[PDB]
Amino acid sequence: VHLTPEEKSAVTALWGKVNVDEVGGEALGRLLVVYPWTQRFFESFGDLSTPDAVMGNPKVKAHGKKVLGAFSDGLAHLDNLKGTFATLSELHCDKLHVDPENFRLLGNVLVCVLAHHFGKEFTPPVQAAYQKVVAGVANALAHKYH
Amino acid sequence: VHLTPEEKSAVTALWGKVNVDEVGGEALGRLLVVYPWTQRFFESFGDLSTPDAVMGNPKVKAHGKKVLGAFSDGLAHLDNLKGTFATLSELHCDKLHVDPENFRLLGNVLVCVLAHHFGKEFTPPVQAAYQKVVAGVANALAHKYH
Amino acid sequence: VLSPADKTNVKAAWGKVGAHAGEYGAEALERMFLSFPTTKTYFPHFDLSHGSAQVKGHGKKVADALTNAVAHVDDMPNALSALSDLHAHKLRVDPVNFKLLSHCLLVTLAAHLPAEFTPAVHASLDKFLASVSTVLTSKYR
Amino acid sequence: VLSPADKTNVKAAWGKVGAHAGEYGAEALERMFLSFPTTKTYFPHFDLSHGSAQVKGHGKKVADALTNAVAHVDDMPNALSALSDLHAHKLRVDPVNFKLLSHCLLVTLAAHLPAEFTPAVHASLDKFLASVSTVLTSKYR
Ligand code: HEM
Ligand code: HEM
Ligand code: HEM
Ligand code: HEM
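Residue numbers (PDB author numbering), protein chains in the order written: chain D, 1 to 146; chain B, 1 to 146; chain A, 1 to 141; chain C, 1 to 141.
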């Protein structure tokens, strides 16, 4: 993505405060509760019957941590997101055949999660910067569809 | 995009029978009728107040020819749709900011028009060949976003 | 949300499908499976060969649902209620696919009802399928 | 289509929003113009700077429409006929834009309701914003 000098600074500053053991599961977690068809891809995870089952699900937390890790990688290579996400793109596009629209949904609820955590700190300018990232990432994950 | 040789011939055969003076206008017109928000983009064409107005609009039929032409080009450069549309992607992405979903909607209405004109001749197999070209063009046009 | 014009158009059109519904629903399906291979993941056990009697039988049920959908166009959530659970609760079908089948229904129609497939009707029909799709993709039970 | 639970959820969260609706509606608009500047093309004559009294006022307006929609959840198409006429027919707003204000409104709520924005609330509020968007992007008159 683009990200101005002060933007990357803000993104970075905020991400430093992100809890890597929790946020990933919070996003993947809400992805499944809010966009229920996404659950079709995680049947092997166990009970996803209610929002409580989804959020408190061990595999959802453990997997989400990985998802969060892919994002962290992105943050470290904003000038090469497609390269950074090449492997994942093959996995999500050629293997799993995840419609690119969901890459966009995960990215956004992520933003909601970040928003839910940082509150007032997650300013419109800060959000704006994160939308750039989350858009690059999603586009990167969908590269194999282009 | 990849079209089997047998596909490229079905697409090619069919397109040779395409009324190049009308098809593009039918497609552009239906886009605007079926997806009215796209009209905002062509407001300078004038009266588009109704379906017949849209389909009867001269600038629609006129501009449609350019659109069909673009499709003929990509159809002649399926090997390099991205480069072939680099200039159109700059226009539709950087200048107009047409949402990439609309590119997909137009390709699809083109497919309905082709079905409408060729009836039974536009067989499932032939359609599938066209969904490939069409999706490739949309992707090419959205390249400046990707 | 359908205008009264839409209900008119849709009924005019779909009514001309009549006895053809099962066939057209089958063709739409086939068109879909051929055009968008991934849609096949929802019918893994299914015999999806060109003449598949299973496919033809299935499209009959799909096409009938649409007829019932058209009849109760002002009460699709109640009418399609069961199909909603099925697709949204049970099948967890990704909404995108409903856009593909819809397009395929539309292509099928256009290929078969040349005179009826006018821009306006094509417009209502799209909206209609967009509503059916919303209903079938919403969890409200 | 909203489940009784979604409606219960929506009415509940929106109550929690209480007096702060207009504010949030304004913060949503701002977040959107910032994150997705293309949306600005729709408000050429507006002063879109941070403290914009204009954006603040349009925000109360967006919120009262939502509060109105929440109040007539079962009867939104009729409830919002005017606004639908405005957005769908008149302004022809690309429906892609609604997902953007919707997302910005959720993000706004996520940032202001650290104690009430639960996964369920988020989900119900999303489905709700989606219905609202479907109504305002439908030409049903
Ligand atoms: C920006 C969004 C996304 C990112 C960055 C991302 C990242 C990841 C990563 C890191 C992995 C694990 C790699 C490994 O196997 O070690 C993965 C796997 C997977 N992702 Fe995603 N993903 C994203 C969106 C999605 C979406 C939207 C879906 C579909 C609703 C999805 C479904 C899956 C599945 C099924 C797996 C494999 C899980 C398993 O069977 O163990 N992902 N993802
Ligand atoms: C399927 C992909 C599409 C193709 C093949 C295509 C192709 C073209 C071509 C050939 C031009 C003329 C460029 C020039 O000579 O200056 C053009 C212009 C334009 N297109 Fe597209 N287009 C597509 C989709 C769309 C969509 C979906 C929209 C927006 C709803 C759109 C909006 C426009 C606009 C605003 C112009 C200029 C109109 C004017 O003269 O005012 N196009 N397009
Ligand atoms: C216009 C929208 C659609 C309508 C009207 C429709 C209607 C139906 C009906 C009537 C049934 C059969 C119920 C029965 O036989 O008792 C069904 C089953 C099913 N549908 Fe849909 N459907 C729609 C969209 C989709 C889409 C988009 C997909 C996925 C690509 C899909 C996947 C399935 C599957 C997997 C089954 C179950 C097949 C089986 O296991 O036998 N449907 N649908
Ligand atoms: C749930 C989403 C939305 C709601 C509830 C909503 C509601 C409203 C309301 C209440 C008005 C006031 C009009 C009057 O005074 O009668 C309005 C106007 C307007 N809306 Fe929206 N709106 C939504 C989405 C959109 C989107 C996403 C756009 C486009 C980016 C947009 C663009 C406009 C414009 C340009 C006006 C006219 C503003 C002016 O010139 O004063 N709206 N909207």
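Positions of the beta carbon are idealized from the N, C-alpha and C atoms, including for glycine.
message = Please classify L105(A) as buried or exposed, where buried requires at least 16 neighbouring CB atoms within 10 angstroms.
response = As a working note, residue 105(A) is residue 105 in the third sequence. The residue is buried, with at least 16 neighbouring Cβ atoms inside 10 Å.
inquiry  = Under 8 Å: does the beta carbon of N19(B) sit that close to some heavy atom of ligand 5?
reply    = As presented, the structure is devoid of ligand 5, carrying ligand 1, ligand 2, ligand 3 and ligand 4 as its sole ligands.
inquiry  = Taking the straight line between their C-alpha atoms, what separation do you get for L88(B) and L141(B)?
reply    = Along the second sequence, one-based indexing puts residue 88(B) at 88. Along the second sequence, one-based indexing puts residue 141(B) at 141. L88(B) and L141(B): Cα-Cα distance of roughly 6 Å.
request  = Under 8 Å by Cβ, that's how I've got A13(A) and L113(A) pegged, so tell me the actual separation to the nearest angstrom.
outcome  = Here residue 13(A) is taken as the residue at index 13 of the third sequence, counted from 1. Here residue 113(A) is taken as the residue at index 113 of the third sequence, counted from 1. Contact holds; Cβ gap of about 7 Å.
inquiry  = Am I right that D64(A) and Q54(A) are in contact with their C-beta atoms under 8 Å? What's the rounded C-beta distance?
reply    = Taking the first residue of the third sequence as 1, we reach residue 64(A) at position 64. Taking the first residue of the third sequence as 1, we reach residue 54(A) at position 54. About 16 Å separates the two Cβ atoms, so there is no contact after all.
message = At a CB distance below 7 Å, what residues from the stretch 97-120 of chain B approach chain A? Give them in sequence order.
response = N108, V111, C112, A115, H116, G119 and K120
request  = Report, in whole angstroms, the separation of the C-beta atoms of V60(D) and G107(D), which I expect to be a contact under 8 Å.
outcome  = Along the first sequence, one-based indexing puts residue 60(D) at 60. Along the first sequence, one-based indexing puts residue 107(D) at 107. About 17 Å; that fails the 8 Å criterion.
task = Check whether the Cβ of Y42(C) sits closer than 8 Å to any heavy atom of ligand 4, and report yes or no.
result = As a position in the fourth sequence, residue 42(C) is number 42, starting the count at 1. For ligand 4, at least one heavy atom lies less than 8 Å from the Cβ of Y42(C).
key: Residues near ligand 2, criterion Cβ-heavy atom distance below 7 Å   = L31(B), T38(B), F41(B), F42(B), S44(B), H63(B), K66(B), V67(B), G69(B), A70(B), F71(B), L88(B), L91(B), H92(B), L96(B), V98(B), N102(B), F103(B), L105(B), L106(B), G107(B), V137(B), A138(B) and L141(B)
query = Can you name the start and end residues of the alpha helix (DSSP H) that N68(C) belongs to?
reply = Against the fourth sequence, residue 68(C) aligns to sequence position 68. Looking at the DSSP string, the run of the alpha helix (DSSP H) that includes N68(C) is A53 to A71.
ask   = Quick one: does the C-beta of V93(C) sit closer than 8 Å to a heavy atom of ligand 4?
value = Position 93 of the fourth sequence, counted from the start, is the residue given in the question as residue 93(C). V93(C): yes, Cβ under 8 Å from ligand 4.
message = Just to check my reading of the structure: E116(A) and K40(A) have Cβ atoms closer than 8 Å, yes? What is that Cβ distance to the nearest angstrom?
response = As a first step, residue 116(A) must be located in the third sequence, where it is residue number 116. As a first step, residue 40(A) must be located in the third sequence, where it is residue number 40. About 30 Å separates the two Cβ atoms, so there is no contact after all.
key: Any chain B beta carbon closer than 9 Å to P95(C)   = For the purposes of this step, residue 95(C) is taken as the residue at position 95 of the fourth sequence. For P95(C), the answer is yes, since a Cβ of chain B falls inside 9 Å of its Cβ.
Three-state class that DSSP yields for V107(A) in the structure shown = The residue labelled residue 107(A) in the question sits at position 107 within the third sequence. Here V107(A) sits in helix by DSSP.
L83(A), enclosing alpha helix (DSSP H) - first and last residue = Within the third sequence, the letter at position 83 stands for residue 83(A). Looking at the DSSP string, the run of the alpha helix (DSSP H) that includes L83(A) is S81 to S84.
message = Can you tell me where the alpha helix (DSSP H) holding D73(D) begins and where it ends?
response = One-based indexing of the first sequence puts residue 73(D) at position 73. Looking at the DSSP string, the run of the alpha helix (DSSP H) that includes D73(D) is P58 to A76.
ask   = Whose C-alpha, out of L125(A), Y24(A), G25(A) and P77(A), is nearest the C-alpha of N9(A)?
value = For this step, residue 9(A) is matched to residue 9 along the third sequence. Here the closest residue by C-alpha is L125(A).
request  = Look at the alpha carbon of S3(C) and the alpha carbon of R141(A), and state the distance between them as a whole number of angstroms.
outcome  = Looking up residue 3(C) in the fourth sequence gives position 3. Looking up residue 141(A) in the third sequence gives position 141. If I take the Cα positions, the gap works out to 6 Å.
ask   = Of the choices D94(A), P95(A), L101(A) and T38(A), whose alpha-carbon is the least far from that of residue 154(A)?
value = Lying outside 1 to 141, the shown extent of chain A, residue 154(A) is not represented and no answer is given.
query = What in chain D is Cβ-close to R92(A), meaning under 7 Å?
reply = One-based indexing of the third sequence puts residue 92(A) at position 92. Those within 7 Å of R92(A) in chain D are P36, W37, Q39 and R40.
ask   = Taking a cut of 7 Å between CB atoms, which residues from the stretch 32-56 of chain C lie near chain B?
value = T38
query = Thinking just about the alpha-carbon of each residue, which of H77(B), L75(B), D52(B) and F71(B) is nearest to the one in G29(B)?
reply = For the purposes of this step, residue 29(B) is taken as the residue at position 29 of the second sequence. Residue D52(B) is the option with its Cα nearest to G29(B).
request  = Just confirm the distance between the C-beta atoms of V1(D) and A135(D), as a whole number of angstroms; I'd bet it's less than 8 Å.
outcome  = Taking the first sequence and counting its residues from 1, one reaches residue 1(D) at position 1. Taking the first sequence and counting its residues from 1, one reaches residue 135(D) at position 135. Confirmed, Cβ separation roughly 7 Å.
message = Taking CB distances under 9 Å as the criterion, tell me whether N80(D) reaches chain B.
response = Start at 1 with the first residue of the first sequence, and residue 80(D) comes out as number 80. Chain B, which has no Cβ nearer than 9 Å to the Cβ of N80(D), makes this no.
task = Please name the residue in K90(A), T38(A), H122(A) and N68(A) whose C-alpha comes closest to that of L80(A).
result = The residue given as residue 80(A) occupies position 80 in the third sequence. Cα-wise, what sits closest to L80(A) is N68(A).
key: Minimum C-alpha distance to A123(C) - residue among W37(D), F85(D) and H97(D)   = Your numbering for residue 123(C) matches position 123 in the fourth sequence. That would be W37(D), whose Cα lies nearest to the Cα of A123(C).
request  = For chain B, find out if any of its Cβ atoms is closer than 9 Å to the Cβ of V107(A); answer yes or no.
outcome  = As a working note, residue 107(A) is residue 107 in the third sequence. At least one chain B Cβ lies under 9 Å of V107(A).
query = Using a C-beta to C-beta distance shorter than 9 Å, which residues of chain D count as neighbours of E30(C)?
reply = Position 30 of the fourth sequence holds residue 30(C). Going along chain D in sequence order, the residues near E30(C) (Cβ under 9 Å) are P124.
query = Alpha carbon to alpha carbon, what distance is there between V93(A) and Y42(A)?
reply = Looking up residue 42(A) in the third sequence gives position 42. Looking up residue 93(A) in the third sequence gives position 93. Taking the straight line joining both Cα atoms gives about 8 Å.
inquiry  = Considering only heavy atoms of ligand 4, does any lie closer than 8 Å to the CB of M55(D)?
reply    = Here residue 55(D) refers to the residue found at position 55 of the first sequence. Outside the cutoff, so no.
inquiry  = Output needed for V107(C): all residues of its chain with C-beta closer than 7 Å, excluding positions within five of it in sequence on either side, in chain order.
reply    = On the fourth sequence, position 107 is the one that residue 107(C) refers to. Hits under 7 Å: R31.
query = Should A71(C) be labelled buried (16 or more other beta-carbon atoms within 10 Å of its own) or exposed?
reply = Within the fourth sequence, numbered from 1, the residue matching residue 71(C) stands at position 71. Label assigned to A71(C): exposed.
ask   = Between which two residues does the alpha helix (DSSP H) containing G24(B) stretch?
value = Walking along the second sequence from the start, residue 24(B) turns up at place 24. Taken as a continuous stretch (DSSP letters only), the alpha helix (DSSP H) holding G24(B) covers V23 to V34.
Residue environment, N139(D), which counts as buried when at least 16 other CB atoms sit within 10 Å = Counted from its first residue, the first sequence places residue 139(D) at position 139. By the 10 Å Cβ count, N139(D) comes out buried.
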